[PDB]
(Lines of atoms letter the chains of each structure in order from A and count residues from 1; the text may use other names and numbers.)
(Lines give C-alpha, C1' and ligand atoms only; values in the text may rest on other atoms or scores of the structure.)
Protein backbone atom coordinates (compact mmCIF):
# COMPACT_ATOMS: atom_id res chain seq x y z
CA UNK A 1 0.00 0.00 0.00
CA UNK A 2 1.10 3.53 -0.72
CA UNK A 3 1.00 5.42 2.63
CA UNK A 4 -0.52 8.86 3.31
CA UNK A 5 2.60 10.51 4.74
CA UNK A 6 1.96 13.11 7.47
CA UNK A 7 2.15 16.72 6.33
CA UNK A 8 5.07 18.47 8.12
CA UNK A 9 7.02 15.65 9.70
CA UNK A 10 10.35 16.93 11.02
CA UNK A 11 13.24 14.54 10.34
CA UNK A 12 15.68 15.79 12.97
CA UNK A 13 19.41 15.57 12.13
CA UNK A 14 21.09 12.64 13.93
CA UNK A 15 17.75 11.09 14.70
CA UNK A 16 19.13 7.96 12.94
CA UNK A 17 22.58 7.81 14.50
CA UNK A 18 23.59 4.40 15.91
CA UNK A 19 22.43 0.79 15.87
CA UNK A 20 19.11 -0.37 14.43
CA UNK A 21 17.60 -3.75 13.67
CA UNK A 22 15.37 -3.92 10.64
CA UNK A 23 12.90 -6.47 11.94
CA UNK A 24 9.58 -5.73 10.14
CA UNK A 25 8.60 -5.09 6.62
CA UNK A 26 5.79 -4.85 4.11
CA UNK A 27 5.85 -6.78 1.98
CA UNK A 28 7.86 -9.50 3.86
CA UNK A 29 11.46 -9.67 2.62
CA UNK A 30 12.81 -12.09 5.18
CA UNK A 31 12.94 -15.20 3.03
CA UNK A 32 15.55 -13.41 0.87
CA UNK A 33 17.56 -11.55 3.53
CA UNK A 34 17.62 -11.79 7.35
CA UNK A 35 19.22 -10.75 10.70
CA UNK A 36 19.61 -7.16 9.54
CA UNK A 37 21.64 -4.80 11.69
CA UNK A 38 22.42 -1.27 10.64
CA UNK A 39 24.91 1.17 12.16
CA UNK A 40 24.83 4.85 11.10
CA UNK A 41 27.16 7.72 11.68
CA UNK A 42 26.36 11.29 11.18
CA UNK A 43 28.06 13.17 8.45
CA UNK A 44 26.41 16.55 8.77
CA UNK A 45 22.77 16.14 7.80
CA UNK A 46 23.62 12.79 6.07
CA UNK A 47 24.76 9.41 7.32
CA UNK A 48 27.20 6.73 6.37
CA UNK A 49 27.70 3.32 7.92
CA UNK A 50 27.28 -0.45 7.72
CA UNK A 51 24.49 -3.01 7.14
CA UNK A 52 25.19 -6.60 8.11
CA UNK A 53 22.71 -9.30 7.15
CA UNK A 54 22.55 -13.00 6.62
CA UNK A 55 22.27 -13.94 2.93
CA UNK A 56 20.84 -17.38 2.10
CA UNK A 57 23.59 -17.52 -0.47
CA UNK A 58 26.49 -15.71 1.21
CA UNK A 59 25.92 -16.08 4.91
CA UNK A 60 26.83 -13.14 7.14
CA UNK A 61 27.97 -10.31 4.94
CA UNK A 62 28.65 -6.64 5.51
CA UNK A 63 27.89 -3.71 3.22
CA UNK A 64 28.84 -0.02 3.31
CA UNK A 65 25.74 2.23 2.97
CA UNK A 66 25.16 5.96 2.47
CA UNK A 67 22.08 7.95 3.52
CA UNK A 68 21.75 11.34 1.85
CA UNK A 69 18.98 13.30 3.55
CA UNK A 70 16.72 15.90 2.02
CA UNK A 71 13.79 17.12 4.09
CA UNK A 72 11.86 13.96 4.72
CA UNK A 73 13.21 11.73 1.94
CA UNK A 74 16.60 10.12 1.69
CA UNK A 75 18.66 8.23 -0.79
CA UNK A 76 19.71 4.78 0.37
CA UNK A 77 22.80 3.53 -1.52
CA UNK A 78 24.66 0.30 -0.79
CA UNK A 79 28.23 -0.37 -2.03
CA UNK A 80 28.15 -3.87 -3.58
CA UNK A 81 24.48 -4.65 -4.22
CA UNK A 82 21.82 -2.22 -5.37
CA UNK A 83 18.55 -4.07 -5.00
CA UNK A 84 17.54 -1.91 -2.01
CA UNK A 85 18.89 1.40 -3.47
CA UNK A 86 16.12 4.02 -3.63
CA UNK A 87 14.55 7.22 -2.51
CA UNK A 88 12.86 6.43 0.82
CA UNK A 89 10.25 8.62 2.52
CA UNK A 90 10.17 8.82 6.35
CA UNK A 91 6.74 7.93 7.67
CA UNK A 92 7.56 8.19 11.42
CA UNK A 93 10.59 8.71 13.71
CA UNK A 94 10.70 8.05 17.44
CA UNK A 95 13.41 7.36 19.99
CA UNK A 96 12.81 3.56 19.58
CA UNK A 97 11.91 3.09 15.89
CA UNK A 98 11.76 4.61 12.45
CA UNK A 99 9.72 3.83 9.35
CA UNK A 100 10.78 4.34 5.68
CA UNK A 101 8.99 3.87 2.43
CA UNK A 102 10.51 3.45 -1.03
CA UNK A 103 10.46 1.52 -4.32
CA UNK A 104 13.72 -0.24 -4.62
CA UNK A 105 14.29 -2.78 -7.44
CA UNK A 106 13.72 -5.52 -4.92
CA UNK A 107 10.12 -4.23 -4.38
CA UNK A 108 9.29 -1.67 -7.07
CA UNK A 109 5.63 -1.24 -6.01
CA UNK A 110 6.59 -0.25 -2.53
CA UNK A 111 8.49 -1.37 0.51
CA UNK A 112 7.87 -0.13 4.08
CA UNK A 113 10.66 -0.88 6.51
CA UNK A 114 10.51 -0.69 10.34
CA UNK A 115 13.85 -0.24 12.13
CA UNK A 116 14.01 -0.73 15.85
CA UNK A 117 16.37 0.40 18.57
CA UNK A 118 15.83 -3.05 20.17
CA UNK A 119 16.46 -6.47 18.62
CA UNK A 120 13.16 -7.89 19.94
CA UNK A 121 11.11 -4.81 20.66
CA UNK A 122 8.58 -4.89 23.51
CA UNK A 123 4.84 -4.54 23.30
CA UNK A 124 4.67 -0.83 24.19
CA UNK A 125 7.11 -0.06 21.35
CA UNK A 126 5.08 -2.31 19.04
CA UNK A 127 1.77 -0.67 20.01
CA UNK A 128 3.22 2.75 19.14
CA UNK A 129 4.40 1.38 15.76
CA UNK A 130 0.85 0.07 15.13
CA UNK A 131 -0.49 3.54 15.95
CA UNK A 132 2.11 5.33 13.77
CA UNK A 133 1.23 3.00 10.86
CA UNK A 134 -2.56 3.55 11.02
CA UNK A 135 -1.90 7.26 11.05
CA UNK A 136 -0.08 6.99 7.66
CA UNK A 137 -2.78 4.72 6.17
CA UNK A 138 -0.95 1.46 6.68
CA UNK A 139 -1.71 -1.54 8.77
CA UNK A 140 0.61 -3.61 10.91
CA UNK A 141 -1.39 -6.78 9.92
CA UNK A 142 0.21 -6.71 6.46
CA UNK A 143 3.79 -6.59 7.73
CA UNK A 144 6.09 -9.58 8.11
CA UNK A 145 8.60 -10.11 10.92
CA UNK A 146 12.12 -11.47 10.79
CA UNK A 147 11.36 -14.85 12.41
CA UNK A 148 14.92 -16.17 12.10
CA UNK A 149 15.80 -13.86 15.05
CA UNK A 150 14.66 -15.65 18.23
CA UNK A 151 12.38 -13.35 20.27
CA UNK A 152 10.57 -16.11 22.14
CA UNK A 153 11.63 -19.17 24.12
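Positions refer to the first chain, counted from 1.
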Between the two ranges 7 to 15 and 136 to 144, the one averaging a larger CA B factor in the entry: 7 to 15
Segment of higher mean CA temperature factor, 100 to 108 or 60 to 68: 60 to 68
From 46, 28, 124, 53, residue of greatest CA B-factor: 124
Highest recorded Cα temperature factor - choice among 116, 88, 84, 40: 84
Ranked against its chain, the third holding the CA B-factor of residue 33: middle
